[PDB]
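Notes to accompany the following structure.
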Amino acid sequence: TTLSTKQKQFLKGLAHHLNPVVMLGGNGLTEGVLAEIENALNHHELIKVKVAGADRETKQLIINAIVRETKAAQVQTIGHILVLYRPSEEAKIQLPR
């Protein structure tokens with residue numbers, strides 16, 4: 001998913017009003033966590049995934065794997081939160097041109 005600068009910023013602003021819908025723990029990106037992320041992308045398009053207690057390299061492994069498997073766009077990485085977006089066949093969120 002390739003987002004323009006303006007699209008990414010639009011989604012970053014919207015995600016400020018969202019809570020995380022997936023949380024990772026010590027076991028990282030398990031099969032079940034990936035299914036939760038897929039589910040969340042499907043229903044919500046724009047999601048926040050909490051990745052607490054991850055150092056920079058660990059978090060990067062996780063980000064890379066999520067993007068590879070899901071084809072979601074990275075909207076924002078700040079601290080322990082990953083904001084991701086993937087469009088739906090039935091758009092829920094109006095994305096700017």
Side-chain angles (χ1 to χ4, degrees):
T1 303
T2 297
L3 297 176
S4 71
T5 305
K6 284 165 166 178
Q7 286 169 337
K8 195 166 177 212
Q9 170 59 44
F10 170 78
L11 294 170
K12 176 175 167 176
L14 182 56
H16 178 78
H17 304 293
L18 303 177
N19 291 319
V21 293
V22 180
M23 299 200 1
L24 278 65
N27 284 118
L29 196 63
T30 62
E31 226 286 339
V33 170
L34 175 59
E36 289 177 63
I37 294 169
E38 273 290 330
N39 181 59
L41 290 169
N42 280 342
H43 290 292
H44 299 291
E45 295 182 301
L46 180 62
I47 69 171
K48 273 189 181 168
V49 177
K50 193 170 166 110
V51 191
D55 69 13
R56 162 191 289 143
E57 293 73 33
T58 293
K59 181 164 73 155
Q60 193 65 59
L61 286 177
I62 292 162
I63 290 168
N64 289 354
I66 296 169
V67 167
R68 184 174 171 251
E69 297 278 23
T70 68
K71 319 309 189 286
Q74 304 167 239
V75 173
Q76 182 178 32
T77 306
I78 57 192
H80 61 312
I81 299 291
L82 308 183
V83 183
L84 302 161
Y85 173 83
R86 190 177 69 197
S88 178
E89 304 192 333
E90 196 172 53
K92 295 99 171 310
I93 296 169
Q94 296 184 38
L95 191 72
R97 219 183 31 102

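Numbers here simply count residues along the sequence, with the first being 1.
Contact of the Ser88 side chain with the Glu45 side chain is registered, since non-hydrogen atoms from C-beta on lie closer than 4.5 Å.
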Quiz item: Should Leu46 and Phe10 be marked as a side-chain contact (heavy atoms from CB on, under 4.5 Å) after you check the CA-CA gap, both sets of side-chain angles, and the distance that decides it?
Solution: CA-CA 11 Å; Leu46 180 62; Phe10 170 78; over 6 Å; no
Quiz item: Do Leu11 and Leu95 pass the side-chain contact (heavy atoms from CB on, under 4.5 Å) test, and can you show the C-alpha distance, the side-chain angles, and the key distance before you say yes or no?
Solution: CA-CA 8 Å; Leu11 294 170; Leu95 191 72; 3.7 Å; yes
Exercise. Carefully, step by step, assess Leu84 and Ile66 under the rule side-chain contact (heavy atoms from CB on, under 4.5 Å).
Key: CA-CA 9 Å; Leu84 302 161; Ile66 296 169; 3.6 Å; yes
Exercise. For side-chain contact (heavy atoms from CB on, under 4.5 Å), just list the numbers for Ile81 and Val51, CA-CA rounded to whole Å, side-chain angles, deciding distance to a tenth of an Å, and then say yes or no.
Key: CA-CA 6 Å; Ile81 299 291; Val51 191; over 6 Å; no
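Across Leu34, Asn42, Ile47, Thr1, a single residue satisfies side chain to side chain contact (heavy atoms under 4.5 Å, CB included) together with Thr70, and that is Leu34.
Residue pairs meeting the side-chain hydrogen bond (donor to acceptor under 3.5 Å, both in side chains) criterion with at least one member in residues 46-62, sequence neighbours excluded, are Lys50-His80, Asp55-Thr58, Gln60-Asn64. Among pairs with a residue in residues 29-41, those fulfilling side-chain hydrogen bond (donor to acceptor under 3.5 Å, both in side chains) read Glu38-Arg86, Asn39-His43, at least two apart in sequence or across chains.
Linking ILVMFWY side-chain heavy atoms closer than 4.5 Å, directly or via other members, places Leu14 and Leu3 in a single hydrophobic cluster. A chain of hydrophobic side-chain contacts below 4.5 Å, direct or via other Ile, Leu, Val, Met, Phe, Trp or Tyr residues, connects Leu24 to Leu41. Hydrophobic clustering places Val21 together with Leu29 (ILVMFWY residues linked when any side-chain heavy atoms are closer than 4.5 Å, directly or through intermediates). Under the 4.5 Å side-chain contact rule for hydrophobic residues, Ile37 and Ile63 share a cluster. Tracing side-chain contacts under 4.5 Å through hydrophobic residues (I, L, V, M, F, W, Y), one never reaches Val49 starting from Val83; they form parts of separate clusters.
Side chain of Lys92 to backbone of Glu90: no donor-acceptor contact under 3.5 angstrom is found.
Atom CD of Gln76 sits about 8.5 Å away from atom CD of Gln9, to the nearest 0.5 Å. Here the straight-line distance linking atom CZ of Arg97 with atom NZ of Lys6 works out to 9.0 Å at 0.5 Å rounding. Atoms OH and CD, from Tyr85 and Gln7 in turn, are 7.5 Å apart once rounded to the nearest 0.5 Å.
Looking at every heavy atom in both residues, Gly28 comes nearest to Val33 through O-CG2, 3.8 Å.
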